[PDB]
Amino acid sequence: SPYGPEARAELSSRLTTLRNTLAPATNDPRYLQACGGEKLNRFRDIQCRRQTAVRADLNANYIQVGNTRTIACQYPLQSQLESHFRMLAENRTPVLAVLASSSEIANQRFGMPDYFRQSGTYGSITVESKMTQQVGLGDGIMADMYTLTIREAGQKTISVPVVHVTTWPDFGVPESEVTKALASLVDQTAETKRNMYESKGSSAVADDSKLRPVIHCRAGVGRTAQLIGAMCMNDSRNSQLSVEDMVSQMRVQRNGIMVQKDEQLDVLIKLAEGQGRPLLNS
């Protein structure tokens, strides 16, 4: 009943209305607009809510789901890499979770620069990538981890832990289990790094706009929203937050596409069912 087909149909009805109406119109004042013709959105229809935008030249949003604070973004365009690295450093990013598969990144047709597995120079910023551990998430899925060290003359040097999920599981219980293991790994990695900053007395600890996990896949709305939803269910502070709440919050704070596919919503429903967490608001 509470997780039966009637409730799931009602959830989908509410979310569909929200999506359709959050759809961007041309020059929509709700969404960040490209500057003077320079491409901003990787996908024309997948835009960036202006009032929560992190930087004026990235497709990237501050998201707070219940009490859980993150950044969700698209895979940066080649032209955006310097700005993307500056975002990562200024945020004191405690974990960067890349959910785009290795095969996608490799496909040059997709224009996804291999920016966290190779060292490089991007304008004024230099980046060193060192591969660290490899963590199995179940069902043959592997998380390759890295430390990204971001240097820029005059700026504090910042190292960012990276969790890269190299392939994605098949729908069903395997994907719900991998998602749970991924959220645990991303949360754990962020807590370890945030603790380091706290032990140093970093002022970043007092700034709720900083120390946010950064999550992206290709467009930052599918696997990215699924992971964010899974992470907010791991947060002890989010008791009674409904699936309707968390998806509505991701959509108002990034775009109407957050949780793009029925199968991604079904993962969230299954995780919520496992907790006795409500699907709908009463």
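Numbers for residues come from their place in the sequence shown, where the first is 1.
With 203 to 211 and 81 to 89 compared on mean CA B-factor from the PDB entry, the stretch scoring higher is 203 to 211. Averaged over CA atoms, B-factors in the entry run higher in 43 to 51 than in the other of 43 to 51 and 65 to 73. The PDB entry assigns its highest CA temperature factor, among 143, 105, 181, 148, to 105. The entry lists C-alpha B-factors for 255, 249, 240, 224, and the highest of these is at 240. Per-chain ranking of the deposited C-alpha B factor places residue 60 in the lowest third. Residue 116 sits in the middle third of its chain by CA B factor, as recorded in the PDB entry. Among the modelled residues of its chain, residue 171 has a C-alpha B-factor that falls in the highest third according to the deposited record. The deposited CA B-factor of residue 189 belongs to the lowest third of values across its chain. When the modelled residues of the chain are ordered by C-alpha B-factor, residue 216 sits in the lowest third.
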